[PDB]
Each structure stands twice: as structure tokens, then as C-alpha cells.
Ligand SMILES: O=C(O)CCC(=O)C(=O)O
Ligand SMILES: [Fe+3]
């Protein structure tokens, strides 16, 4: 997860519509 | 695209008729036309693909996960038919993978992508997409092995270069990542003009000392990736007031600030009790943001969710904070204690979103050696006082005191966010 920084390829999760 | 096999060529008239309805927006009509084509011609791959494309369009129209799940199955059915043209085969499984990812079936997308690579071992682009699959589930090791295969066959692939450099940088091979990121962005290949690769290239240069990092931040600002050279968050909402330092009155959260400052010793004492009697609850910082030193965090809320076991250790603080949904409900922020020891230096960095403001409440502040820069201004903490900054701007921290420094971090929604956005924004 991206808490203090921006280290992940994506910071959100996908859950459809 | 060559989509019609031998048999489908003999029925192009019926297939083209059905597709025209889809292009005309008669989605419910086209599904029934393609359904009847699949019933009449159960082995036709074009008819089966048409049914999936129609189920796909219908899933968008209704915003239905169940309908999309059915389209995902029909896309696979196309690949199980006999004599499917290779172009139709790629398109049907690539789209299946995409929609599986859109639903969060990341493990299912990976299986589809692996099948594509087994079916077409010479397609570089499918390997590149498999590497993205591994990155989406966080498997940087397998992602790295994929892009190494690509860079062996096509060594000038810009997409492979940036993603290889991203993985290196994430594995803390800072110096080694730089040529892969710079050469990918400059290749101009599709997929290389992405803020993520500008972000990490400039950060990698900043860490190693190269003063040209600013130029890459500026180029990312010119190409619409960063709101400025200084504010480089990537999950943004446009228009929000943008300034590095805020006063309590400017935020409008004056009740929260007053509560924090009136009750600061209680917050301090519960944090010290955890340091003394439950030190294991403080977890080391895990985002590779430190050059050197010791920095640990004890989190009470994350993504708008209360940590029940953590609040057992600071129960009065958690009771106090429950009155302020502007921070407990901030799904793009945290509430946490943060301890830093002498000899710590945090690299310049930004947070991921402009949708939050970050409050710091000083709890135990050594009288010398602790400071925080944000943009072009450096400030210090005061015990029992709140500092507010926008951590989407570049900021940097030093701890060169003779004892520990403890603060309380309270993230709030950016005040200009509407209530509608506060409930719909994906959590971060
Ligand atoms: O000083 C601290 O405890 C953390 C500094 C920081 O980078 C932040 O609060 O985002
Ligand atoms: Fe930070």
C-alpha cells in the first residue's frame, strides 16, 4: 500500500463497477 | 485483423448484420441476434466472439459485474472452438484478461495471460502485458524475469525498459534503475509516457545526487503528469487549492485542531505507554523512504478503517478521535504515531494523493536537531502544537537530536472536497 509514499505500481484496488 | 475462418466466410452476411446492431447501440437486440447465431452455428468463432462483445457492451450499459462475468466466460469459449483464426484468438483472450483485471480477478487475468504467451511465444507485446499482470499482484520477481526475456529478444523495447527500471528502483538498485527509466521515457514507445516513470526517475536521480532530476519533474509537468515541479502526487482531483503550508483557520478544521491541542498530553502519554510496554506495536517504516536511521509507526486508522487491536493500546486517544469523521473517515490517509531517532534522514518525497492534508501534533520534541522541509520552507515542531502541510508537495525530514522525536499524524480530507467525492473516491 501507498501510505507516506508512492512506491507501488498501483495504489488502488480494482473491484469492478 | 483477420477474424473469419473458412466457415465464417460463408456466413459473413449474417455476422455483419448482427454487428451493425451493436455499432448502432441496439445492444439488447444484438445479443439476441448473436445468441441465435451461436445456437444456429455452435462452432462459429466470429458468432461466439460477437456474443461476448455484446455481453461486454451490455455490462457497461448496466454497470453489472454479473453480466461482465458472463462475457468473460464467452470470451474463453471462443478459444475452445475449432479452427479459430489467430487474430481472433489473441483479441478474445486479451480482452478477457483486461476485464478480469477490471473486476479484480488478478489471479485469473494472470492465467489468461500465461495462456496467451504459451499460444504465441514470439509476441513480445504479450510478454510485456504478462509482466504488468505480475506487477498488479505485486510479484516483482516474476515480473523482472519476464522483462529480462523481452530485453534479450527486443533490447530497444521502451515499455520493457521503463518497467525493468521501475522494478530495479523498487528493489533499491537506485543507480542501476536510472538508464532503464531514462531510455524508456525517451523511446516514446506506447506506454512510456506515464507519470509513474517520471516520478521514480527523478527520485532515483535525487537520491544518487544528479542535479538533472528537476528537468524530469518539469517534463512531467509539461506533459500533464504533475500539477507542478513540487506537487507530484498521481492520484489527484483537479482544482483543489494547492499550497505547501496551511494554517488551522484556512483548513476550517478548527474544532479538531483545538481538541488535539487541548488534550495533547493524553495522546502523548498513551503513545509513551505503548513504547514502554508494547513496543512491538511500532512497525518500521516500509516504503524505502529513509536514507539512514530508525523510523517507526503505530497506526490507529488506515484507509478509513479503525484498527481494533491498536485502539486497545491507545483507548482514550481513539475515543477522542471518533468525534471527527473528517479524519477517521479519510479513506486516503492514516492516523498514527510516528517516532524518529537521531541520525535519521528521510529522502525528499511526495505522498500519493492531493486529496488529503496532513496534520502533525508535536508530542516529544527535542529542542534542537529536528526539522521538516516542505517545498522551499523548513519548519520545526512544537510540543502540543499542530503543524499542517500538504504532503503531496515534496518534503524532507531530518532528525539530528540527542534523543527520540515523537509526533502524532492525523490526515484529513482536503477541505474543498465535496461530500460526494469523500464517499466515492477509491481508498488509498
Ligand atoms: O516526520 C515524520 O514522522 C514523518 C514525515 C513524513 O514524511 C510525513 O509525515 O509524511
Ligand atoms: Fe511524507
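Note that chain B carries Swiss-Prot numbering, so the residues on display, from first to last, are 331-758.
Header says: X-ray crystallography, 1.9 Å.
Just so you know, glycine gets a Cβ as well, placed from its N, Cα and C.
Some features that Swiss-Prot has for this protein:
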- B:452: N-linked glycosylation site (CARBOHYD)
- B:454-487: repeat 'TPR 2' (REPEAT)
- B:489-521: repeat 'TPR 3' (REPEAT)
- B:679, B:725: Fe cation binding site (BINDING)
- B:706: N-linked glycosylation site (CARBOHYD)
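What Swiss-Prot annotates, mapped onto the structure for a quick look.
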{"residue": "B:452", "record": "N-linked glycosylation site", "Cβ neighbours (10 Å)": "8"}
{"residue": "B:679", "record": "Fe cation binding site", "Cβ neighbours (10 Å)": "22"}
{"residue": "B:706", "record": "N-linked glycosylation site", "Cβ neighbours (10 Å)": "9"}
{"residue": "B:725", "record": "Fe cation binding site", "Cβ neighbours (10 Å)": "23"}
Original post:
C-alpha of residue B:706 (N-linked glycosylation site) to C-alpha of residue B:679 (Fe cation binding site): distance in Å?
Top reply: 13
**OP:** With a CB cutoff of 8 A to chain A, go through the recorded positions B:679, B:706, B:725 and name the hits, or write none.
**Re:** B:679
Original post:
Which state, by DSSP, holds residue B:679 (Fe cation binding site): helix, strand or coil?
Top reply: strand
**OP:** Fill in the CA-CA distance, residue B:452 (N-linked glycosylation site) to residue B:679 (Fe cation binding site), as an integer in Å.
**Re:** 40
